[PDB]
Amino acid sequence: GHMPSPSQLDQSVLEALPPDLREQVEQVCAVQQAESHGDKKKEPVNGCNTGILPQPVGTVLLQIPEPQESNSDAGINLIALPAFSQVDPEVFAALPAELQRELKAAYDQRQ
Amino acid sequence: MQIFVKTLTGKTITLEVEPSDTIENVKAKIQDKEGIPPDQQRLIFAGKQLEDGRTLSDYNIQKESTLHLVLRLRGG
């Protein structure tokens, strides 16, 4: 109970090579091959991975627009006051409308 | 005596006081525990904000009693 490999199902199968092969022959990988040497390697992943660095499109079939904001560190220009990330809902229900309105000011002042 | 000061973040910061403790000095003890300047804290009890010049006794706050602490909700 077996079957032979295909030889015609698509152009890569007709050519009996993926385009990835001829591209790897044209350029083996990124410049990182010059580094992470260690006399031997189990896999090339501790190196240039015999390729180029992946992106999310190679993992999920979608697209993403260019970024329009930055997050170089999460603890600069922060709220630095009790706001939406940490104000407790039972305490907020107990807490008078006077500060509920002033606290909506503090939420608007977020970054 | 001690009182409980529930912060906006749901954390009870218990502190030791007298009924005659002024709100300014209570805010100063909050600064000692939470690190918020007293000029930049707001304090509520039973659905009203307090003022600095008053005391726990002015509000009939006694021992083992609960307050709210909020930052002033002003940048400085």
# chains A, B, ... in the order shown; residues from 1 in each chain; ligands from 1
call {"tool": "closest_atom_pairs", "arguments": {"of": "chain B", "to": "chain A", "cutoff": "10 Å", "atoms": "only C-alpha atoms", "output": "CSV"}}
result
residue,atom,partner,partner_atom,distance
B:6,CA,A:91,CA,7.7
B:7,CA,A:91,CA,7.9
B:8,CA,A:87,CA,5.1
B:9,CA,A:87,CA,4.4
B:10,CA,A:88,CA,5.1
B:11,CA,A:88,CA,8.7
B:36,CA,A:81,CA,9.5
B:42,CA,A:99,CA,9.1
B:43,CA,A:99,CA,10.0
B:44,CA,A:95,CA,7.5
B:45,CA,A:95,CA,8.5
B:46,CA,A:95,CA,8.2
B:47,CA,A:96,CA,4.7
B:48,CA,A:96,CA,6.7
B:49,CA,A:98,CA,8.4
B:67,CA,A:95,CA,9.9
B:68,CA,A:95,CA,7.4
B:69,CA,A:95,CA,9.7
B:70,CA,A:82,CA,7.4
B:71,CA,A:81,CA,6.5
B:72,CA,A:102,CA,9.0
B:73,CA,A:106,CA,6.0
B:74,CA,A:106,CA,8.0
B:75,CA,A:81,CA,9.1
call {"tool": "write_last_selection", "arguments": {"atoms": "N, CA, C and O atoms", "output": "CSV table (one decimal), in the first residue's frame"}}
result
chain,number,residue,atom,x,y,z
B,6,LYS,N,-8.1,52.2,51.7
B,6,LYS,CA,-8.2,51.4,50.5
B,6,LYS,C,-7.8,52.3,49.4
B,6,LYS,O,-8.3,53.4,49.3
B,7,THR,N,-6.9,51.9,48.6
B,7,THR,CA,-6.5,52.8,47.4
B,7,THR,C,-7.5,52.5,46.3
B,7,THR,O,-8.2,51.6,46.3
B,8,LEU,N,-7.4,53.4,45.3
B,8,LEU,CA,-8.1,53.2,44.0
B,8,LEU,C,-7.8,51.8,43.4
B,8,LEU,O,-8.6,51.3,42.7
B,9,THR,N,-6.6,51.2,43.7
B,9,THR,CA,-6.2,50.0,43.1
B,9,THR,C,-6.6,48.8,43.9
B,9,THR,O,-6.3,47.6,43.6
B,10,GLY,N,-7.5,49.0,44.9
B,10,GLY,CA,-8.1,47.9,45.7
B,10,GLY,C,-7.1,47.4,46.8
B,10,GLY,O,-7.4,46.4,47.4
B,11,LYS,N,-6.0,48.1,47.1
B,11,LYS,CA,-5.1,47.7,48.1
B,11,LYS,C,-5.4,48.4,49.4
B,11,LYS,O,-5.4,49.7,49.4
B,36,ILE,N,3.5,58.8,47.5
B,36,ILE,CA,2.8,59.8,46.7
B,36,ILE,C,2.9,61.1,47.5
B,36,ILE,O,2.6,61.0,48.7
B,42,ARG,N,-5.6,62.6,47.0
B,42,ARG,CA,-7.0,62.9,47.4
B,42,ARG,C,-7.5,61.8,48.3
B,42,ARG,O,-7.0,60.7,48.2
B,43,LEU,N,-8.4,62.2,49.2
B,43,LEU,CA,-8.8,61.2,50.3
B,43,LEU,C,-10.3,61.3,50.3
B,43,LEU,O,-10.8,62.4,50.5
B,44,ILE,N,-11.0,60.2,50.3
B,44,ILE,CA,-12.4,60.1,50.4
B,44,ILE,C,-12.8,59.3,51.6
B,44,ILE,O,-12.0,58.4,52.0
B,45,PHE,N,-14.0,59.5,52.2
B,45,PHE,CA,-14.6,58.7,53.3
B,45,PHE,C,-16.1,58.8,53.0
B,45,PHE,O,-16.6,59.9,52.7
B,46,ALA,N,-16.8,57.7,53.1
B,46,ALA,CA,-18.2,57.5,53.0
B,46,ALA,C,-18.9,58.4,51.9
B,46,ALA,O,-20.0,58.9,52.1
B,47,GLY,N,-18.2,58.5,50.8
B,47,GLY,CA,-18.7,59.2,49.6
B,47,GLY,C,-18.5,60.7,49.6
B,47,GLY,O,-19.2,61.4,48.9
B,48,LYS,N,-17.6,61.2,50.4
B,48,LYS,CA,-17.1,62.6,50.4
B,48,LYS,C,-15.6,62.7,50.4
B,48,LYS,O,-15.0,61.9,51.1
B,49,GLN,N,-15.0,63.6,49.7
B,49,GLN,CA,-13.6,64.0,49.8
B,49,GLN,C,-13.4,64.7,51.2
B,49,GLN,O,-14.3,65.4,51.6
B,67,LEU,N,-11.1,54.2,54.7
B,67,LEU,CA,-11.0,55.4,53.9
B,67,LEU,C,-10.7,55.0,52.4
B,67,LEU,O,-10.3,53.8,52.2
B,68,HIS,N,-10.7,55.9,51.5
B,68,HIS,CA,-10.2,55.7,50.1
B,68,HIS,C,-9.0,56.6,49.9
B,68,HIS,O,-9.1,57.8,50.4
B,69,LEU,N,-8.0,56.2,49.2
B,69,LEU,CA,-6.9,57.0,48.7
B,69,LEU,C,-7.0,57.0,47.2
B,69,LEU,O,-7.0,56.0,46.6
B,70,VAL,N,-6.9,58.2,46.7
B,70,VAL,CA,-6.7,58.4,45.2
B,70,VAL,C,-5.5,59.4,45.1
B,70,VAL,O,-5.2,60.1,46.0
B,71,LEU,N,-4.9,59.3,43.9
B,71,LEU,CA,-3.9,60.4,43.6
B,71,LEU,C,-4.8,61.6,43.4
B,71,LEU,O,-5.9,61.5,43.1
B,72,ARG,N,-4.3,62.9,43.5
B,72,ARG,CA,-5.1,64.1,43.3
B,72,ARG,C,-5.8,64.2,41.9
B,72,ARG,O,-6.7,64.9,41.7
B,73,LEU,N,-5.3,63.3,41.0
B,73,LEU,CA,-5.7,63.3,39.6
B,73,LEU,C,-5.4,64.7,38.9
B,73,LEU,O,-6.1,65.2,38.1
B,74,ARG,N,-4.2,65.2,39.3
B,74,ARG,CA,-3.6,66.4,38.7
B,74,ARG,C,-2.1,66.0,38.5
B,74,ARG,O,-1.5,65.3,39.3
B,75,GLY,N,-1.5,66.5,37.4
B,75,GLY,CA,-0.1,66.2,37.0
B,75,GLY,C,0.9,66.6,38.0
B,75,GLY,O,1.9,65.9,38.3
call {"tool": "residues_around", "arguments": {"residues": "residue 111 (chain A)", "least_positions_apart": "3", "cutoff": "9 Å", "atoms": "only C-alpha atoms", "output": "list in words"}}
result
residues 77, 78, 79 and 108 of chain A
call {"tool": "write_last_selection", "arguments": {"atoms": "N, CA, C and O atoms", "output": "compact mmCIF listing (two decimals), in the first residue's frame"}}
result
# COMPACT_ATOMS: atom_id res chain seq x y z
N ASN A 77 6.68 57.69 29.92
CA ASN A 77 5.45 58.44 29.61
C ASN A 77 4.16 57.67 29.97
O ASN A 77 3.07 57.95 29.45
N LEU A 78 4.28 56.68 30.86
CA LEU A 78 3.18 55.93 31.45
C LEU A 78 2.22 56.83 32.25
O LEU A 78 2.58 57.95 32.62
N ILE A 79 1.04 56.30 32.58
CA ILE A 79 0.01 56.98 33.39
C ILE A 79 0.57 57.54 34.72
O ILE A 79 0.20 58.64 35.11
N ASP A 108 -8.71 59.99 30.27
CA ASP A 108 -8.54 60.76 29.02
C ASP A 108 -7.09 61.22 28.85
O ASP A 108 -6.55 61.21 27.74
call {"tool": "residues_around", "arguments": {"residues": "residue 27 (chain B)", "least_positions_apart": "4", "cutoff": "7 Å", "atoms": "only C-alpha atoms", "output": "PyMOL selection string"}}
result
chain B and resi 23+31+38+41
call {"tool": "select_by_dssp", "arguments": {"residues": "region 26-55 of chain B", "states": "strand (DSSP E)", "output": "ChimeraX atom specification"}}
result
/B:41-45,48-49
call {"tool": "residues_around", "arguments": {"residues": "residue 24 (chain B)", "least_positions_apart": "6", "cutoff": "8 Å", "atoms": "only C-alpha atoms", "output": "PyMOL selection string"}}
result
chain B and resi 38+51-54
call {"tool": "closest_residue", "arguments": {"among": "B:62, B:55, B:1, B:35", "to": "residue 21 (chain B)", "atoms": "only C-alpha atoms"}}
result
B:55
call {"tool": "atom_distance", "arguments": {"atom1": "CA of residue 34 (chain A)", "atom2": "CA of residue 46 (chain A)"}}
result
11.6 Å
call {"tool": "atom_distance", "arguments": {"atom1": "CA of residue 12 (chain A)", "atom2": "CA of residue 24 (chain A)"}}
result
14.8 Å
